[PDB]
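Here is how the chains run, residue by residue.
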There are 4 protein chains.
Amino acid sequence: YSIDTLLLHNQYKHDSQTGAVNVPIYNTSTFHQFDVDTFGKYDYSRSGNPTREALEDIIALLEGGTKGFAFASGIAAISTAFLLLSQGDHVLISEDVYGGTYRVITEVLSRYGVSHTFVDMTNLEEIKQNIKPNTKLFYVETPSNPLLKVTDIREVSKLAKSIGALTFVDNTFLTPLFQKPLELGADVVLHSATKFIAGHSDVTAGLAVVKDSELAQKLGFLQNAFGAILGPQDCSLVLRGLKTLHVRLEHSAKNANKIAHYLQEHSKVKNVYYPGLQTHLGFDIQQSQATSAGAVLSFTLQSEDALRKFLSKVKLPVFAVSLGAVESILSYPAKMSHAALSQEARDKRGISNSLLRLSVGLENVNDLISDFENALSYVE
Amino acid sequence: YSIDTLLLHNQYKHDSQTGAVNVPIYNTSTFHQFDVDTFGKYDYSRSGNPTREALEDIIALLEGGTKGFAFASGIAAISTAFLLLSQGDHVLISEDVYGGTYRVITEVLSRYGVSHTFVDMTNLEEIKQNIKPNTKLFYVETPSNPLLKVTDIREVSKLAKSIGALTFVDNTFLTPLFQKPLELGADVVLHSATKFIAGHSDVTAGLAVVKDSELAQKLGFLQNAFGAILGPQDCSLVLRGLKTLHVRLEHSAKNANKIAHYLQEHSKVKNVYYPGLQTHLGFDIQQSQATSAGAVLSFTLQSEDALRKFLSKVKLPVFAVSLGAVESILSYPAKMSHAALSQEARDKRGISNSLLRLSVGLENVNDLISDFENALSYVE
Amino acid sequence: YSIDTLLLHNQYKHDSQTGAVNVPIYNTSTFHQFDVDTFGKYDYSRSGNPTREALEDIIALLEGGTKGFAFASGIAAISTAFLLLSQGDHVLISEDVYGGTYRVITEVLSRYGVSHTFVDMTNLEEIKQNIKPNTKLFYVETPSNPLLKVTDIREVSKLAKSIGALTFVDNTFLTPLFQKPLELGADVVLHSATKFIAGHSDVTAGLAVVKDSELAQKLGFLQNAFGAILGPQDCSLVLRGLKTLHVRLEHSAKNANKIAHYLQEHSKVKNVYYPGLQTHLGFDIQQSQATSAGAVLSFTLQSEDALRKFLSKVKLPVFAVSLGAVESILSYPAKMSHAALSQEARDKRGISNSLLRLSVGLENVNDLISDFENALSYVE
Amino acid sequence: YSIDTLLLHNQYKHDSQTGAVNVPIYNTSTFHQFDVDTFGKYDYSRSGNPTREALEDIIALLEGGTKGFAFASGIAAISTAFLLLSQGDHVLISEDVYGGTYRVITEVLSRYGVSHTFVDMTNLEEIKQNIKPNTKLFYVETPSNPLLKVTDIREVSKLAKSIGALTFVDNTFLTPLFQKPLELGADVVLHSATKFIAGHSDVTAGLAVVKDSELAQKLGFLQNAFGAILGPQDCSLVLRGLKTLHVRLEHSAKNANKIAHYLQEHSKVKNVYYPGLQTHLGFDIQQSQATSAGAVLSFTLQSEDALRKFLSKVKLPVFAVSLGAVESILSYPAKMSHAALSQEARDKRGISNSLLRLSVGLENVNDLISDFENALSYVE
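Residues numbered from 1 in each chain as written, not as in the entry; some residues may be left out. Chains lettered and ligands numbered in written order. Heavy atoms only, no water.

As deposited, the entry is annotated with X-ray crystallography as its determination method and 2.20 Å as its resolution.

Structure below.
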């Protein structure tokens, strides 16, 4: 069976006891013990419960892993996975990482003797150069926000393997549908399920999957010990969202590709960043490790002036910090994700004041293209 | 107004826009920005949202604090508050702390150069003795599980203040109704809302309150940065539970006191541990810092044999790891909370194989006493 | 075991398969059939499901009945129970019935040849007088809104029995805790669970219980056939609310009694209507069929002017159409429940423009009495 | 904008007060009134609330109507719409109607002097023949279950209009995406939102839309008066489901068409019933009133023996009473929907013991076709 069938045909398609086609919501913190000595499958909801257990198994299945872990947020999943390191440990990490990941490495784990260097993970040499004797982790996020730069997961993993260092990949942007980091040599794959997996902007959630039973024991231990667990009612919303992940992402990715091609040929558009354009650096690497360019693109207008005119005229997209919704989302990274950086740090990452990110939702591609046409008509 | 009125008469008694007497559930991760430059009250649910904000303000109000913080679990609240420390920092902590707190200090923060000594916080001298130049935190849990030993919050706080060290108090057992650690000199108060606050065994939740605006900025920063947030639907269940906290705890505490007095006079009962018994060490300290002995007691039968006979015959209580439910809960700490300790560590904490904890629920006190009578009839 | 123990100690205290102390939410419309010929306990959620089934059994237990039925609203329960009648059938009904019941008899069932006469059910003679050969139903609501008039359930039932006519009792105001109409000769007992049973103003729900297996088959058939079912997530909120019904109502009823006695002695108060006042007509009948006067009272100020002054000054109560909340609710029946009547119909029911209803919540009785004192201070 | 854009771009895409991209869940029964005289937008949740109001407006928008009405179940929507009739009124109704509709006309409304004749609504002459002077309603369900017979909505409506009789259409099978009965002359359109609209088998819900403001006042009055309302938390699940209705139904309908063509050419299949087959009676009528054949087909094997062999071997579909799920559902109408009929009534409707219905979900069409191939391999 292909992965689009597995979203529906798995262990949780029908409850044994009742035939229920949806996993019941166990809104219970306490489980009665029918025996004094042996405890029963569940003692305590934080430790485990049937709703969370189903989401954990299904994400492990989608990513080709042995165990899955559900967290209160994607950043809680990322933070918990970093607790796998101890003081003294060094981290090579993408200079383009999610702002939340940036903040946890620089402001929290720095107080606990976990050091880091930010690097271009797309440059295998610059990576090689900054290796240290205590380097225990390579942290990859591909494709990158908001220019969709591509990291060669296989090559970064091989380098990590060569010094017994771990590889973590934040696979939020493409989901398990399009990219499977564990098959490419990653040790931990991390998701903000808040984004495309849940897909409806209605729940905050994080997932991690591993393939190694020792790492699984350690991450499971940290999930329970820090306690940043996804509540059962939130697991249920993620489980429901997962059921449409194939039809949502196939449609949004295909329409993102058409809109990228249309924007790349408009005379008022300076640059388009999308890994499905042949001229996009990483095009080759993307095709070798993923089965789609995804549903997110960025583009540059002529000036900050054009960009503000465009935003004032477009009707269809929501204007928000986030992505991966069934509604199209326009973001202004210079004013949102990257506002807190120096102008110099934004200039180095190519994050100009003319740049917009589009997360493509489920609107008719022809309505999205017309809405853009119309808004671009009032520019230049 | 007394605190039992404030549970209902506060800022959230009626929604401004609609009159709603309950805070709407904002099941939203994304907020549309109506302006390019200024953002609106909410950008992103993890950062803040109206449902979580109401629970945070109401727990701050109940504890007499300036800011409240809602987490995915009590242990996530405790773990996040420990991230206030850095490597090098030393912690004086209760040897009787919750097993989850024990595990995070000994197995996680020990890998980050945060050291600790476990002490009897009821012995001001033993505390004084183990102070170090780098001691930054005193961690109090009063009353203690499962012997309900009492810590003098005011005296421990004064000692902490005298070396510019922080005081944290885990106030899960008594709730803000009965004990207000911030008024007694604590810097952070911590709750498993999973227990009495929510009160219905149906949601996992943690709370922290502070009175100092700097600590509030730091803890708020850590809440967002690690991301172990309480989801809005779970906040709603905690908000609903809080509305009965006075009528639930007044009834359970009063019935716990009657059952403690009845058990202390039964010939088949060896010991009763309850801070409302005049003969309980800490009786005086409890009355000076709290307005009730609470809803939890422990007692010892003659042998492990009597205890197993009693458990086989009692009908009313649930048998579980937890407490603070509307259903009465019997626990066997030697087999549950403290199973993982050495026999020597259990012998030192007074945690014998004859000892049961009772969390008193809302059953008729006369039905509970009869059910105990009946079960004790088949013993000795 | 007393009824306050049965709220917690029943078939649903611990899930067989898992120990769950709360009934899982079966958010499922479809159940997989593991066999072609036999169907399994559940085929379809509207027909039945485990969450609704638990609420149905627990309300049957509380009311001393054989079967319970959960509906989308109290008025849906009342409307479904009226479908037990056919065209030609005549109904004797309380002239003081809930406005929703009034509207369904007069505007809907009147188009289907179900006729009625409105009567004082407190006058056994006026009832006797308006009996007809086709009278199939006596509809009782005791105590009445908003003057809390009392109907003798036993005597009305005996009269009904004597002509093979049914008795329905709307027991919303007192709940099964205080009044058990099935033990007093009623055939159907009806609840707005929206009110005291759920108790938190957060869910709309109706219940019906019967003791006769034929009526149970007919009402079950109508529940399924019209389909006005309570959804599983709403059943869960009602199940959660039921767990505090004893501690909520014991506190509110006791405080209602103190506030009734205090209002009856204030010089600016003209009348108090409460079945716990010795001078209240029905006092004797109430004590004979119920174990409390309940949590609702009404009172009259000197004028509409005093009433408006009082409302402008009181701080604690919410001002709303409803009752049975953990927050105290003041209502103005002349402007709310009974606005749509003629002045003549309000004059006959004693529903003056000086009259307020109070549903007593969980606020400190001394804060409620002070808040009333203070507001009455600005009157006369 | 096309309808697939309107599923996302409507009045509820962003909350005014907060930017919320999802409508908050108003779990509130009571609304505080800030004024004594005027009431505020909401008085009581049964009467109206913001979550239900959004679902009601969005379904009105999709069906091209002026008002929408949300009910506890599709059968509650159908039953409420029948309360538009009075005793004496006569109904012409499809002999193939949903079993719940059949039961309410024959067992409930028959006791209230509402008479009916069951007819082939696909035969304009047989309809014409059974008209009576008191005929007030024509009840259409197209396409029919389980042979997908097609009713000419325009022609049935014209006939109804010609005697001032109402037209109701149950549009559950095609949804507003594919068929708009109000544009074809229907007065009321009815949905089981339980099926494709919600689409995830996780909520029971009904909808009705009208275009006429008088009918809207009458149906709104009956929605409130009988009280068979959809709770806010259930409205939220329907609102969430609606967001994927285009990508779900476009995929399922396209795959249903491929599977219908594949089954029609298999040598072990006797008949295929699908309105997208050129040889299906109603093919022409379907294309004239709808933009797709939909996601449901039926087919006949050689014998009851083949059918039981096929069911024993197929792996992918769930086996259930229902349809319109993201999981493929096989049903056996002779044993499920139509078990309760005489063999003669099933013989007349063409509902043989060799017939299966398939509701196509979101599985890979090639996995569904292979799973059928494989199972058919063990037959004949």
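A. Spatial organisation of the interface of chain B and chain A. With 66 residues of chain B in contact, the opposing surface of chain A contributes 66 residues. For chain B, the biggest contributors to the area lost against chain A are B:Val36, B:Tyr112 and B:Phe226; these three give 13% of the whole. We note a salt bridge from B:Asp37 to A:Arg308, for which the minimum N-O separation is 2.7 Å. Between the two partners, chain B and chain A, sit 28 residue pairs in polar contact. Counting only elements with at least two residues in the side of chain B that touches chain A, the list comes to helix 3 (74–82), helix 4 (99–108), helix 8 (213–226), helix 9 (232–242), helix 12 (304–313) and strand 10 (318–319) of chain B. Among the residues making up the side of chain B that touches chain A, the classes are represented as 32 nonpolar, 22 polar and 12 charged. (Contact = heavy atoms within 4.5 Å. Buried area = accessible area lost by both parts, 1.4 Å probe. Salt bridge = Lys/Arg side-chain N within 4 Å of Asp/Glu carboxyl O. Polar contact = N/O pair within 3.5 Å; in protein donor to acceptor, adjacent residues only side chain to side chain. Helix = DSSP H or I, 4+ residues; strand = E, 2+ residues; numbered from the N terminus. Nonpolar A, V, L, I, M, F, W, Y, C, P; charged D, E, K, R; others polar.)

B. Molecular detail of the domain arrangement of chain A. All names here are of chain A. Each domain of chain A was delimited in the assignment, giving domain 1 (3–242) and domain 2 (245–377). Computed over C-alpha atoms, the centres of domain 1 and domain 2 are 26 Å apart. With 32 residues of domain 1 at the interface, the matching set in domain 2 holds 40 residues. The largest contributions to the domain 1 side of the interface with domain 2 come from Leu147, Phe178 and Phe196, which together make up 24% of the buried area. Remark: the boundary between domain 1 and domain 2 carries 0 salt bridges. For the pair domain 1 and domain 2, the number of links is 15 residue pairs in polar contact. Counting only elements with at least two residues in the side of domain 1 that touches domain 2, the list comes to helix 6 (153–162), helix 7 (175–178) and helix 9 (232–242). Tallying contributions element by element places helix 7 first for the side of domain 1 that touches domain 2, with 3 residues. Class assignment for the residues of the side of domain 1 that touches domain 2 results in 16 nonpolar, 9 polar and 7 charged. (Domains from an automatic or database assignment.)

C. Inspection of the sheet that holds strand 12 (residues 355–359) of chain C at higher detail. Residues and elements named next belong to chain C. If you trace the 5 strands from one edge of the open sheet to the other, you get 8-9-12-11-10, paired in mixed fashion. Looking at the sheet topology across the chains shown, the edges are occupied by strand 8 (269–273) and strand 10 (318–319). By the bridge criterion, 2 bridges tie strand 10 to strand 11 (residues 329–331) in an arrangement that is parallel. When the sheet's bridge partners are listed, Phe319 is paired in strand 11 with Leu330. (Pairing = 2+ DSSP bridges.)

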